[PDB]
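Shown here is one chain on its own, the form deposited in one PDB entry, set out as structure tokens.
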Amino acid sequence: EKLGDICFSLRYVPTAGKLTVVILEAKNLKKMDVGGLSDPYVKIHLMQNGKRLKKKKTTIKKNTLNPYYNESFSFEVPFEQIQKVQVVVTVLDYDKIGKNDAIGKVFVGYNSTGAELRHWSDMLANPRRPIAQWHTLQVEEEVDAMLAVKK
């Protein structure tokens, strides 16, 4: 519970023909530090045909429970290819300004779950409305088999 949860806005840019995932805020960095707080930090990777193509990262303020910053992840590709991609959100933590892992992770795109795919090929399939949606993120144990050619 509360191990993975991010509210990202799925939208497309029909003016230039490119993706633009606007991550508003997240709610998964629960207080794991004894009498303290966690240090949220995430990055995004897209697996084109099961192969890591483009790699990007975001900036989040440490010592918080809700990773908020509002950043946009752009990826230029045809509107017909946006429905056959696979983007995976990689969440991490900097335990006491050091190093930590085993946080939430999720894959969104072509062969994703209904909750994600039904909004993916819905809002960023053609419109440009920044509709943020939340979803439970699973540990990196599941992502290990997803980044290894899942399509």
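Residue positions are given as counts along the sequence shown, with the first one as 1.
Another form, the form deposited with a partner chain bound, is not on view; read the next lines as being about it.
With a 4.5 Å cutoff on heavy atoms, residue 56 counts as touching its partner chain in the deposited bound form. In the deposited bound form, at least one heavy atom of residue 72 sits within 4.5 Å of a heavy atom of its partner chain. Residue 84 falls outside the set of residues with a heavy atom inside 4.5 Å of its partner chain in the deposited bound form. When contacts are judged by a 4.5 Å heavy atom cut-off, residue 20 counts as touching its partner chain in the deposited bound form. Stretch 48-56 is the contacting one of 25-33, 120-128, 105-113, 48-56, since its residues have non-hydrogen atoms within 4.5 Å of its partner chain in the deposited bound form.
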